[PDB]
Amino acid sequence: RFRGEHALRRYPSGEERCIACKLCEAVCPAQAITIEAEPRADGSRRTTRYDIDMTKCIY
Amino acid sequence: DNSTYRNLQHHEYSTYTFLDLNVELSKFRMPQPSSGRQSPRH
Amino acid sequence: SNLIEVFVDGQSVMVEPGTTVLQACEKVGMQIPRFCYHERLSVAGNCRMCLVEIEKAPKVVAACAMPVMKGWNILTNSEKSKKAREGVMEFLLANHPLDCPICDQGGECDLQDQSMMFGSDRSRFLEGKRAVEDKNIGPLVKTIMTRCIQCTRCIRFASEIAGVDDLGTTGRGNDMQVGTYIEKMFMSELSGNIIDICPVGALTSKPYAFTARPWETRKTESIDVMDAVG
Amino acid sequence: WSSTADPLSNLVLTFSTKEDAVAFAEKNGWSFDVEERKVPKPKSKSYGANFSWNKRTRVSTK
Amino acid sequence: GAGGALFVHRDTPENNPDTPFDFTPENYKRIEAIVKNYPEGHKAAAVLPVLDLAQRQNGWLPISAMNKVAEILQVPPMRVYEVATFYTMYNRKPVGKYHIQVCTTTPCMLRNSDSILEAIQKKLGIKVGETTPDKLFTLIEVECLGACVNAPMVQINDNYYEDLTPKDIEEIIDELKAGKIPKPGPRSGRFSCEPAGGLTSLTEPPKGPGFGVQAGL
Amino acid sequence: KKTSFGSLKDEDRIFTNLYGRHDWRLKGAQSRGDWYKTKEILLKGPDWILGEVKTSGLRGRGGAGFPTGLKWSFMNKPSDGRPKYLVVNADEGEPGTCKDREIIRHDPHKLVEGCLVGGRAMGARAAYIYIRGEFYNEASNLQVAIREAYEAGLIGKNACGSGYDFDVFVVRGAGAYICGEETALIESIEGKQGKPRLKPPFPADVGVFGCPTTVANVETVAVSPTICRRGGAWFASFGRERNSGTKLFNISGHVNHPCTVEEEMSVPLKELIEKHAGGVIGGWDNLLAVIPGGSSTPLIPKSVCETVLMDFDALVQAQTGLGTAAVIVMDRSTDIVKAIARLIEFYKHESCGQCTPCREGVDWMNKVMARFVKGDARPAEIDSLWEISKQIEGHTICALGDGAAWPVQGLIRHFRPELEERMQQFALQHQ
Ligand SMILES: NC(=O)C1=CN([C@@H]2O[C@H](COP(=O)(O)OP(=O)(O)OC[C@H]3O[C@@H](n4cnc5c(N)ncnc54)[C@H](O)[C@@H]3O)[C@@H](O)[C@H]2O)C=CC1
Ligand SMILES: Cc1cc2nc3c(=O)[nH]c(=O)nc-3n(C[C@H](O)[C@H](O)[C@H](O)COP(=O)(O)O)c2cc1C
Ligand code: SF4
Ligand code: SF4
Ligand code: SF4
Ligand code: SF4
Ligand code: FES
Ligand code: FES
Ligand SMILES: [Mg+2]
């Protein structure tokens with residue numbers, strides 16, 4: 001359960017799991033997450049920007 | 001008398017019999033009422 | 001004059017003849033839940049989310065369509081009306097897809113908010129859901145019809161406001177679907193408004209897709225200049 | 001990232017009436033613009049009008 | 001359980017807006033009568049009959065037939081599409097020469113309707129929803145047909161064949177294959193739904209006019 | 001004053017050609033007393049006809065049992081500028097029901113004369129008969145009878161030496177059980193989908209084409225001329241109070257002689273089954289359950305069917321309802337869960353889909369009952385299904401949702417142990 005450095009995971013096929021719902025950005029108590037998204041070239045719902053300010057994060 | 005079934009003419013109805021009878025009936029009808037316009041989209 | 005007296009939760013209110021239960025509740029400040037009723041559209045009465053109890057009446061009535069009668073005491077928060085709301089919300093959510101993270105109407109969903117405020121907090125639906133194929137109606141309105149709740153707001157708006165009768169329903173029962181039945185674009189100068197009236201993410205803005213969430217946006221109240229209507 | 005320099009970019013205050021907000025603004029020395037409240041006017045709804053005998057309110061589908 | 005028929009139309013070389021369809025002049029006279037049956041402000045009321053007539057002229061309803069009906073009645077095509085997809089007697093796909101509809105609702109299922117269904121299935125070599133290779137028969141399962149007393153029963157091209165045994169439906173099928181029309185009605189010789197050996201009612205001659213007329217009339 | 005009911009004399013019946021053994025044609029109908037002194041009834045006025053219908057105690061023959069005199073008087077308001085219409089409901093959708101088909105194919109002239117008499121009573125200009133689409137030969141026979149009535153001057157211009165103009169039109173449906181509901185029938189006539197409208201407004205205010213209308217069952221319309229000729233007191237002589245007259249019964253299922261028969265109203269169910277249907281297959285002891293009033297009425301077991309009468313109030317007291325008086329009997333050799341699931345599947349296939357409770361909830365109940373048939377569920381799901389049915393009932397636009405919820409409720413109420421036994425067997429053999 002230990003929480004360390006953040007990571008973005010993907011599916012076994014190699015496609016990223018993130019679908020740019022912005023729930024993590026919404027809940028972040030420190031406003032440490034910045035997200036920008038757009039439809040991908042194949043129409044998928046994916047992020048174009050996903051930044052975490054680690055000096056604002058409270059982990 | 002009773003033993004005879006008397007509904008066999010429905011055995012000789014075609015595809016168009018209903019609409020043919022409607023066409024025959026058309027001349028017996030009273031003139032239809034009118035709402036005042038051609039259609040609700042008019 | 002011709003005003004009649006009715007009661008909302010025992011509070012007297014004078015209304016014009018022909019006023020429905022929903023507007024009588026509106027006059028006191030209570031907003032009845034709704035999915036198919038719109039002020040600017042014709043009354044439909046199919047979503048049954050506006051069911052409310054009349055005192056000394058065994059059957060709940062549809063507030064959006066039922067004219068109020070003199071001396072009626074509308075019980076907006078009685079147990080019967082709350083149970084009716086919960087049942088209707090359960091039925092609406094039984095086949096709804098679990099698309100909230102990927103649905104553009106996430107934080108702006110009347111289905112979500114009315115489920116949180118008037119529905120239950122869990123499901124007892126142990127079956128499989130239905131899925132329908134999407135329709136193409138042009139490059140402005142993105143269509144995902146699995147999210148459709150069949151409120152028929154889009155059909156009524158297209159027929160009555162836009163003057164375009166290309167939208168409708170096909171099939172019967174659970175597989176009745178809202179669309180055109182032929183490949184055809186719903187293209188009119190007022191076509192985008194069906195995005196606003198649709199309570200769910202079935203109809204969304206295509207150029208706006210996936211770009212922002214409602215809680216992020218800052219709202220500036222302004223005026224259009226694309227024509228002289230203002 | 002999006003950067004700003006004015007400290008009042010996120011300041012929004014809530015008031016019960018227009019008069020209270022006006023009094024707050026005047027006592028704080030802020031020039032203000034007041035916009036009158038917009039209330040949706042009451043409407044005449046009639047379910048039976050959908051099935052009209054001669055008027056155009058008759059619907060073609062439901 | 002599931003429907004299995006689509007409610008969206010995709011254009012096909014044999015089913016497209018340019019598919020040739022029109023009404024025969026006699027059918028046009030019939031359309032005039034049907035329209036005359038209604039008040040001269042509401043002509044959309046003739047959508048269901050005229051559409052049906054189109055099927056009676058074509059055996060099924062191509063999208064061009066729906067478009068022609070909408071044009072004739074000056075109604076939007078989408079309303080005709082709604083009507084055509086709402087009512088189950090409309091064939092939006094081509095159907096066989098003899099459409100066999102077998103009722104499997106509970107009153108008919110109680111009196112062994114599955115035996116009739118399987119007998120038809122074996123005789124025709126097709127499944128529940130398929131059509132024969134020679135385009136002669138289509139088998140279809142339907143709900144109650146209003147002949148529950150005469151169960152089991154089937155409906156073939158407007159004719160009710162009732163009180164069927166598997167042998168009865170095989171004779172009906174191969175008589176249709178032979179070329180002539182089997183006589184409709186129940187089998188087993190009960191003459192339209194009285195008790196088979198009972199005859200417990202309508203035994204004495206019926207009373208004529210004025211039998212029980214009240215005084216002052 | 002009478003205490004026992006169920007021995008109706010042959011000369012005392014209304015539908016004397018129920019079995020089609022006489023001539024259904026104009027001459028044959030006139031032989032049996034049809035179109036006799038119709039001019040007198042026409043000239044006696046609408047008020048007299050309405051009063052005779054009121055004193056007759058005639059209730060809704062469609063299945064709901066509403067007093068017909070009250071509705072036909074609801075139509076008795078002064079003219080407003082719009083035409084007035086009578087709509088005869090000939091949809092015949094309920095499984096187990098075949099009476100209207102028989103009284104349309106074999107006695108159309110009583111239906112036409114009832115159309116004329118009811119139209120005079122309500123002041124209607126014309127009658128629209130919505131026949132079931134599958135009943136093609138019945139519709140053709142009705143059209144032939146209407147042509148004969150036109151030729152003899154019985155309907156149409158002046159209709160008699162009476163001075164009243166009345167038209168009778170026949171419109172065919174296309175395979176829709178929901179189109180039997182009166183408002184959905186009105187919508188179907190107008191060329192739309194057979195989706196019911198909300199009430200109010202009632203048809204007497206806004207009906208077909210937006211005009212004042214009354215929708216009446218075929219049997220209700222057809223018994224009216226006989227009621228006027230013989231008097232309402234004669235009709236009220238049969239049956240108990242508030243359940244008066246005679247009724248057509250369709251006995252089907254596991255009986256030796258399934259049949260349609262007209263009999264006095266408050267006949268015992270067992271007496272009717274034995275006297276006319278030849279008894280239950282395998283004897284009365286072999287009986288398992290009975291659906292008394294069509295697929296929309298809850299089932300009752302043998303203990304209830306032993307000494308229950310066949311009318312509105314007694315069957316409501318037995319928690320069923322008279323419905324359409326369509327008796328479907330099942331012996332102890334049939335899977336009752338399978339039969340109820342088949343009925344629920346029918347209701348799933350017949351719902352119009354307009355309102356969410358009926359649409360989604362009936363689909364849900366169909367899936368749950370399909371799982372129940374195999375025992376693939378858990379005992380805790382029975383109460384959940386009961387709650388689902390309650391959530392459907394009383395919350396829909398029309399009564400199709402109620403008609404789907406009631407059979408499930410009856411099956412649960414009377415055979416919960418069988419459902420639990422099936423669940424235990426499936427769990428045992430699946431582990
Ligand atoms: N004959 C058949 O094939 C079928 C019959 N049914 C039966 O139909 C019954 C339910 O039908 P519903 O019409 O929904 O019942 P209902 O009680 O709501 O209506 C019965 C009649 O009484 C009229 N009515 C009732 N209350 C009225 C009021 N306050 N003011 C004015 N008019 C009023 C209605 O307009 C209607 O014509 C069921 O019990 C079912 O057994 C169902 C399916 C098929
Ligand atoms: C789903 C549904 C289907 C119905 N189908 C029929 C029908 O096929 N024939 C009929 O006479 N009544 C049918 N009814 C009942 C009608 O509402 C009834 O005919 C109407 O209320 C007036 O009938 P009455 O003259 O017996 O009072 C149906 C009701 C419902 C809810
Ligand atoms: S936006 Fe955040 S919460 Fe949503 S999928 Fe991506 S990482 Fe998860
Ligand atoms: S429409 Fe509303 S409830 Fe449905 S997936 Fe989108 S946000 Fe969720
Ligand atoms: S697409 Fe939207 S507006 Fe149209 S019926 Fe479905 S939920 Fe209602
Ligand atoms: S209850 Fe069923 S049949 Fe009746 S209006 Fe609602 S969806 Fe249609
Ligand atoms: S808001 Fe009234 S039924 Fe939908
Ligand atoms: S159940 Fe088969 S005809 Fe009615
Ligand atoms: Mg939307």
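In each ligand, atom 1 is the first atom listed, and ligand 1 is the first ligand listed. Scope of the values below: all heavy atoms of this structure, side chains included, with no hydrogens, waters or symmetry mates. Just so we're on the same page: letters track the sequence lines, and every chain starts at 1.
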Is the number of heavy atoms from other residues, nucleotides or ligands within 6.0 Å of CZ (A:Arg9) greater than 12?
no
Atoms of ligand 2 close to F:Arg61 [distance to a heavy atom under 4.0 angstrom, numbered from 1]
26 (O)
In terms of residue, atom name and distance, what is the protein heavy atom nearest to atom 5 (S) of ligand 3?
A:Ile19 N, 3.6 Å
Return the residue, atom name and 0.1 Å-rounded distance of the protein heavy atom closest to atom 8 (Fe) of ligand 5.
C:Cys151 SG, 2.3 Å
Got the closest protein heavy atom to atom 4 (Fe) of ligand 3, with its distance?
A:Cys21 SG, 2.3 Å
Quick one: does NZ or CZ of F:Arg132 land under 6.0 Å from the six-membered ring centre of F:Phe135, within 45 degrees of the ring axis?
yes
Looking at A:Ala37, A:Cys24, A:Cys28, the heavy atom closest to atom 3 (S) of ligand 3 belongs to A:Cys24
Would you find a donor on one side and an acceptor on the other, under 3.5 Å apart, between the side chain of F:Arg359 and the backbone of F:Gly353?
yes
Between A:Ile35 and ligand 3, which part of the residue brings a heavy atom under 4.0 Å of the ligand: side chain, backbone, both or neither?
side chain
Where is the nearest protein heavy atom to atom 6 (Fe) of ligand 5: which residue, which atom, and how far?
C:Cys148 SG, 2.3 Å
Do the rings of E:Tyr81 and C:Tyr181 sit parallel, tilted or perpendicular, given the 30° and 60° boundaries?
tilted
So the atoms of ligand 2 within less than 4.0 Å of a heavy atom of F:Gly60 turn out to be 26 (O), 27 (O)
Are there more than 12 heavy atoms of other residues, nucleotides or ligands under 6.0 Å from atom CZ of C:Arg40?
no
Aromatic centroids of F:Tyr85 and F:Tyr128 separated by under 6.0 Å:
yes
Residue, atom and distance of the protein heavy atom nearest atom 22 (C) of ligand 2 read F:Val215 O, 3.3 Å
Using a 4.0 Å heavy-atom cut-off, say whether C:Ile194 meets ligand 5 through its side chain, its backbone, both or neither.
neither
Option nearest atom 28 (C) of ligand 2 (shortest heavy-atom distance, choices F:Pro196, F:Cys358, F:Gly180):
F:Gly180
Please determine whether any non-hydrogen atom of F:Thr220 lies less than 4.0 Å from an atom of ligand 2.
yes
Any N/O/S atom, backbone or side chain, of C:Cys154 lying under 2.8 Å from atom 2 (Fe) of ligand 5?
no
Going by the atom numbers of ligand 3, which of them fall below 4.0 Å from some non-hydrogen atom of A:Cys18?
1 (S), 5 (S), 6 (Fe), 7 (S)
What's the separation between atom SG in C:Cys198 and atom CZ in C:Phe35, rounded to the nearest 0.5 Å?
11.0 Å
Please check if atom NZ in C:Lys184 has more than 12 non-hydrogen atoms from other residues, nucleotides or ligands closer than 6.0 Å.
no
How far is atom 18 (C) of ligand 2 from its nearest protein heavy atom, and which residue and atom name does that atom have?
F:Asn89 ND2, 4.2 Å
Test item: side-chain donor near acceptor, F:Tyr177 and F:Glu94, under 3.5 Å
yes
Atom 1 (S) of ligand 3: protein heavy atom closer than 4.0 Å?
yes
Test the A:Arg3-A:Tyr59 pair against the cation-pi criterion, namely NZ or CZ under 6.0 angstrom from the six-membered ring centroid and within 45° of the ring axis.
no
Exam field: side chain A:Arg46 to backbone A:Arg40, donor-acceptor pair closer than 3.5 Å
no
Closest to atom 2 (C) of ligand 2 by heavy-atom distance, out of F:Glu181, F:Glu350, F:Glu219, is F:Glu181
I'd like to know if C:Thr152 contacts ligand 5, where contact means a heavy-atom distance under 4.0 Å to any ligand atom.
yes
Can a non-hydrogen atom of C:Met145 be found less than 4.0 Å from any atom of ligand 5?
yes
Under 4.0 Å, heavy-atom basis, I'd like to know which part of A:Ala20 is in contact with ligand 3: side chain, backbone, both or neither.
backbone
Should the heavy atoms of other residues, nucleotides or ligands under 6.0 Å from CD of A:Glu15 be counted, would the total exceed 12?
yes
Please list, in number order, the atoms of ligand 2 under 4.0 Å from a heavy atom of F:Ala216.
25 (O)
Ligand 3 to A:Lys22, heavy atom cutoff 4.0 Å, flagged ligand atoms 1 (S), 4 (Fe)
Please report which non-hydrogen protein atom sits nearest to atom 26 (O) of ligand 2, along with the residue it belongs to and the distance in Å to one decimal place.
F:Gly62 N, 2.5 Å
Do C:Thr169 and F:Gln193 pair up side chain to side chain, a donor and an acceptor below 3.5 Å, judged on atom types alone?
yes
Looking only at protein heavy atoms, identify the closest one to atom 24 (P) of ligand 2 and say how far it is in Å.
F:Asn217 N, 3.8 Å
F:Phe312 six-ring centre to F:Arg59 NZ/CZ under 6.0 Å and within 45° of normal:
yes
Here the gap from C:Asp166 atom CG to C:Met185 atom CE, rounded to the nearest 0.5 Å, amounts to 12.5 Å
What atoms in ligand 2 come closer than 4.0 Å to a heavy atom of F:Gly93?
8 (O)
Students should be able to answer this: which protein heavy-atom is nearest to atom 20 (C) of ligand 2, and at what distance?
F:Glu182 OE1, 4.0 Å
Just by distance, do the side chain of F:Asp91 and the backbone of F:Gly93 share a donor-acceptor pair under 3.5 Å?
no
F:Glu94, portion touching ligand 2 at heavy-atom distance under 4.0 Å:
neither
